[PDB]
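Notes for the one structure printed next.
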Amino acid sequence: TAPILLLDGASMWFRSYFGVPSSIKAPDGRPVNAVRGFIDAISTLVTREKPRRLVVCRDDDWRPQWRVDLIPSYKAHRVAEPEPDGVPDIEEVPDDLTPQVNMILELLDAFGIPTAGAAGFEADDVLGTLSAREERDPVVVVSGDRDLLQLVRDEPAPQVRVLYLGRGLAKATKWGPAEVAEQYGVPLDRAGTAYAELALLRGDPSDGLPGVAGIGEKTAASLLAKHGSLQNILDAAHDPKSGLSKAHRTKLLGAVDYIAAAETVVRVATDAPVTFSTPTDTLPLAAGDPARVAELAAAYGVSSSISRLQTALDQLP
Ligand SMILES: [Mn+2]
Ligand SMILES: [Mn+2]
Ligand SMILES: [Mn+2]
Ligand SMILES: [Mn+2]
């Protein structure tokens, strides 16, 4: 069957902001380069993958306080203004990108393209929850964030693949457990979960996570190779009988609190209370409110992108 496409919205409209020139502007003079690029990427995906279901996953909280309470450095270098409990912090985002996010969300709502979010959770969690719950169609998670490689799956069916945007959508290929194992040296049988454990130990500078001091990616891969899982590694460190080196024991035991805190920070939630903006995740074949879509697209200077999208949808079986 055709796959369900799960889109990491913010990953994609940040890419379009940096991938489309800012001289692409609305009639009021505001840049719409991210709007155009994001709509164009949806059209490209629709034509390439021919889904019947598609969801744009939102960051209802791009930096959830429950993660920050466990590891205060988490995404701290990306905060423009911290906000008190219950209110998402203000992310450091170019001043001419934030209005384009609002424009994109208005167009998606008027067209009726499903969007999904969960209060207090990241789009990463929405993605992990929807991919974990899927039972009918193969899943393609579309994102430039390597965090989502932890979702890859072969069994139980359906499979989950990450269409990884690190080199842009044109060069993007689908990553599964084999690709993650081959590229990161984690065990194939649990590649996705092992990748999150590897990332935990080695660190994640874009998210402000230091990892375990003195455990780089090569040491983390060999420890997972020998012991199979992070829990087995911790067990090997806690048991003075094991063949774990004394130096590795010292590094791991010195970080027991960080490792416990980081496990829940690094792993995407798989049971977030996701809500849809639409009744189903079915991709509409024409605008739910075509007058409002034409008005918005004219005002936002992306009328031709919307026309190309409706062409792509017209070509679906
Ligand atoms: Mn806050
Ligand atoms: Mn994210
Ligand atoms: Mn991360
Ligand atoms: Mn992330």
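To keep it simple, each residue is scored yes or no on (1) within 24 Å of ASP60 (Cβ to Cβ); (2) outside any strand (DSSP E or B); (3) hydrophobic (A, V, I, L, M, F, W, C).
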{"position": "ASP271", "(1), (2), (3)": "yes, yes, no"}
{"position": "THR280", "(1), (2), (3)": "yes, yes, no"}
{"position": "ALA287", "(1), (2), (3)": "no, yes, yes"}
{"position": "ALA291", "(1), (2), (3)": "no, yes, yes"}
{"position": "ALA298", "(1), (2), (3)": "no, yes, yes"}
{"position": "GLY301", "(1), (2), (3)": "no, yes, no"}
{"position": "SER307", "(1), (2), (3)": "no, yes, no"}
{"position": "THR311", "(1), (2), (3)": "no, yes, no"}
{"position": "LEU316", "(1), (2), (3)": "no, yes, yes"}
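Kindly provide the set of residues from segment 299-313 that are free of Cβ contacts under 8 Å to residues at least 40 places away in the same chain and either among the β-branched types (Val, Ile, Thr) or more than 13 Å from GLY112 (Cα to Cα) (or both), ordered by number.
The answer is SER303, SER304, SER307.
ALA221 fails exactly one of the following numbered conditions: (1) within 27 Å of the chain's Cα centre (by Cα); (2) under 28 Å from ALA2 (Cβ atoms); (3) outside any loop (DSSP other than H, G, I, E, B). What is the number of that condition?
Exception for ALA221: condition (2).
Checking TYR17 against (1) in a helix (DSSP H, G or I); (2) of a type outside the set (A, V, I, L, M, F, W, C); (3) out of contact with any helix residue (DSSP H, G or I) (no Cβ under 6 Å at 6 or more places or on another chain), only one condition comes out false. Which one?
(3)
What are the pairs, 6+ residues apart or on separate chains, where a residue within segment 180-202 that is without any contact (Cβ under 8 Å) to a residue 24 or more places away in the chain has its Cβ under 6 Å from a residue that is buried (at least 19 other Cβ atoms within 10 Å of the Cβ) and part of a helix (DSSP H, G or I)?
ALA181/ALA191; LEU188/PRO177; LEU188/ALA181; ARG202/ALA220
Could you grab the pairs with beta carbons closer than 9 Å, sequence gap of 6+ or different chains, first residue in segment 130-142 and farther than 16 Å from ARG52 by Cα, second one of a type in the set (D, E, K, R) and surrounded by fewer than 18 Cβ atoms within 10 Å (Cβ to Cβ)?
Sorted first by the residue in segment 130-142, then by its partner, the pairs are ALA132/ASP271; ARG133/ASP271.
Kindly provide the set of residues from segment 162-187 that are more than 15 Å from the chain's Cα centre (by Cα), surrounded by 17 or more Cβ atoms within 10 Å (Cβ to Cβ) and not in a loop (DSSP other than H, G, I, E, B), ordered by number.
Those that are more than 15 Å from the chain's Cα centre (by Cα), surrounded by 17 or more Cβ atoms within 10 Å (Cβ to Cβ) and not in a loop (DSSP other than H, G, I, E, B): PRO177, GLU179, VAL180, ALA181, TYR184.
Here the Cβ is made from the backbone with ideal geometry for all residues, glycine too, and neighbour counts use every protein chain on show. Laboratory data are not the source of any read-out in this text; all were calculated from the coordinates shown.
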